[PDB]
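Coming up is one lone chain in structure tokens, specifically the form deposited without the partner chain.
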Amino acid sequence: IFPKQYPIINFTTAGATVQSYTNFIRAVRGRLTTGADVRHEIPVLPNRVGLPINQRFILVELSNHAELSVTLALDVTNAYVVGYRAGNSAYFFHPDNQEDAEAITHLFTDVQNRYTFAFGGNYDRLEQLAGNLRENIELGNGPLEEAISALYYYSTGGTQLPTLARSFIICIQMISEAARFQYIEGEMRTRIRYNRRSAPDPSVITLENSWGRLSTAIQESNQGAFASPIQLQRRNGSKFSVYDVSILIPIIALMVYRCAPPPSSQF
């Protein structure tokens, strides 16, 4: 068979319970990073520069209430959704470079049908197709169920790219972004409990737009002190400035590898 299969984590849009989602995200997090290499207490993702293909991706099996199954391919280096497998058909986003395309040539290799989009799943482009911004795309267990279904039905015919793109944006935020920020995870949990389905408010949006930035600052921050104030956005849109790692402790969960580690302070 394929030289070792990447670890898969299951999640179903059936028993909508807060803890099931918490366990889901928790598993994904621990599945991505080994736990070592933490810049100022915050965990760091493996550097792609020396990360072998056999340690490049993670899979997430999404079961729908109507017994549907889709498997997304997450990139360990930054929880990037590269594609998915709808049964025996696979779809991947247009890679940004050679190495990535070469790396992509490993996911769902046993598929009878394999395809690659002309566009990229990156928010900026994905939103164009969806014809709606993230602030107009609702999140929650409800929208998630719909999303998973849409991905599954792409291969049949009833696809509609706008809907397809929107479906991806949902899965991305609820799975990937939720793992990146404990804060976002909480937002989804709040929704699920009260069976609430709503669009991500300013605070959530900004964090997504600042993941890499924060990762850079947190790593280059001497003794935790941020070299320059990073203006984040509050729930009502009003901007507030962050000055230290301390504030981000309960917020950010995972950081992308930026620079070389310090004198291996993790022990």
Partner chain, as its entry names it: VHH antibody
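Positions refer to the first chain, counted from 1. In this text, rigid core is short for the largest set of C-alphas that superpose within 1.5 Å between two forms.
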Return whichever of 36-44 or 49-57 has the larger RMS Cα deviation from the displayed form in 7 other deposited structures of this protein, where every structure is aligned on the rigid core.
-> 36-44
Of the two stretches 137-145 and 155-163, CA positions deviate more in 7 other deposited structures of this protein after rigid core alignment for 155-163
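Missing here is the form solved in complex with the partner chain; even so, the following discussion is about that form.
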Report whether the minimum heavy atom distance between residue 60 and the partner chain in the deposited bound form is within 4.5 Å.
-> no
Might residue 69 be said to contact the partner chain in the deposited bound form, defining contact as any heavy atom within 4.5 Å?
-> no
Non-hydrogen atom contact residue 232 with the partner chain in the deposited bound form at 4.5 angstroms = yes
May I ask you to check whether residue 10 falls inside a 4.5 Å heavy atom distance of the partner chain in the deposited bound form?
-> no
So which residues in 30-52, when you check the partner chain in the deposited bound form, have a heavy atom no farther than 4.5 Å from it?
-> 41
